[PDB]
Amino acid sequence: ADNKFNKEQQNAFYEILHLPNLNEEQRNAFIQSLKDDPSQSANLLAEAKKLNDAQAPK
């Protein structure tokens, strides 16, 4: 849990962390990037969401 994020950054953080189809590697990667530059919240969340969706078992 991280409380240094306000709203969008926080949603992005927790959503990326929540993404089940996003493996620990990429999850921790996007999380790291989220923490490194919170300004990329929507961007990283977008990439992570799209990647999570793409990596969704089919």
# chains A, B, ... in the order shown; residues from 1 in each chain; ligands from 1
call {"tool": "residues_around", "arguments": {"residues": "stretch 24-29 of chain A", "least_positions_apart": "4", "cutoff": "12 Å", "atoms": "only C-alpha atoms", "output": "NGL selection string"}}
result
:A and (12-20 or 33-36 or 44-45 or 47-49 or 51-52 or 55)
call {"tool": "closest_residue", "arguments": {"among": "A:30, A:54, A:23, A:8", "to": "residue A:42", "atoms": "only C-alpha atoms"}}
result
A:8
call {"tool": "select_by_dssp", "arguments": {"residues": "chain A", "states": "alpha helix (DSSP H)", "output": "VMD selection string"}}
result
chain A and resid 8 to 18 24 to 36 41 to 54
call {"tool": "closest_residue", "arguments": {"among": "A:39, A:56, A:21, A:46", "to": "residue A:9", "atoms": "only C-alpha atoms"}}
result
A:39
call {"tool": "atom_distance", "arguments": {"atom1": "atom CA of residue A:10", "atom2": "atom CA of residue A:38"}}
result
8.9 Å
call {"tool": "decode", "arguments": {"residues": "stretch 5-52 of chain A", "atoms": "C-alpha atoms", "output": "compact mmCIF listing (two decimals), in the first residue's frame"}}
result
# COMPACT_ATOMS: atom_id res chain seq x y z
CA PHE A 5 -0.31 9.09 -4.34
CA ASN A 6 -3.33 11.38 -4.38
CA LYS A 7 -6.11 10.19 -6.70
CA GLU A 8 -5.22 9.13 -10.24
CA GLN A 9 -1.74 7.98 -9.27
CA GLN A 10 -3.27 5.98 -6.44
CA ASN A 11 -5.90 4.37 -8.63
CA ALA A 12 -3.24 3.58 -11.20
CA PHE A 13 -0.93 2.12 -8.55
CA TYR A 14 -3.54 -0.14 -6.98
CA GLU A 15 -5.14 -1.11 -10.30
CA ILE A 16 -1.77 -2.08 -11.77
CA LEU A 17 -1.08 -4.00 -8.57
CA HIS A 18 -4.55 -5.56 -8.86
CA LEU A 19 -4.13 -6.70 -12.48
CA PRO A 20 -4.23 -10.52 -12.28
CA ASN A 21 -3.05 -11.17 -15.83
CA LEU A 22 -0.12 -8.89 -15.26
CA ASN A 23 2.71 -11.07 -13.95
CA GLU A 24 4.80 -10.10 -10.94
CA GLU A 25 7.65 -9.01 -13.22
CA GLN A 26 5.68 -6.55 -15.32
CA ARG A 27 3.44 -5.66 -12.39
CA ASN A 28 6.41 -4.70 -10.22
CA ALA A 29 7.90 -2.97 -13.25
CA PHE A 30 4.88 -0.75 -13.88
CA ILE A 31 4.55 -0.23 -10.13
CA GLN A 32 8.19 0.86 -10.02
CA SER A 33 7.61 3.24 -12.92
CA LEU A 34 4.43 4.50 -11.24
CA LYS A 35 6.40 5.27 -8.09
CA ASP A 36 9.31 6.70 -10.08
CA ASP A 37 7.22 9.10 -12.17
CA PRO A 38 3.63 9.40 -10.87
CA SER A 39 2.97 11.81 -13.74
CA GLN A 40 2.74 8.77 -16.02
CA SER A 41 -0.13 7.41 -13.93
CA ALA A 42 -2.66 7.23 -16.75
CA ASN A 43 -0.02 6.18 -19.27
CA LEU A 44 1.35 3.33 -17.18
CA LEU A 45 -2.15 2.35 -16.13
CA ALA A 46 -3.18 2.35 -19.77
CA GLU A 47 -0.25 0.19 -20.84
CA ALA A 48 -0.79 -2.11 -17.88
CA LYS A 49 -4.55 -2.38 -18.46
CA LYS A 50 -4.12 -3.04 -22.17
CA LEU A 51 -1.32 -5.51 -21.44
CA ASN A 52 -3.39 -7.19 -18.72
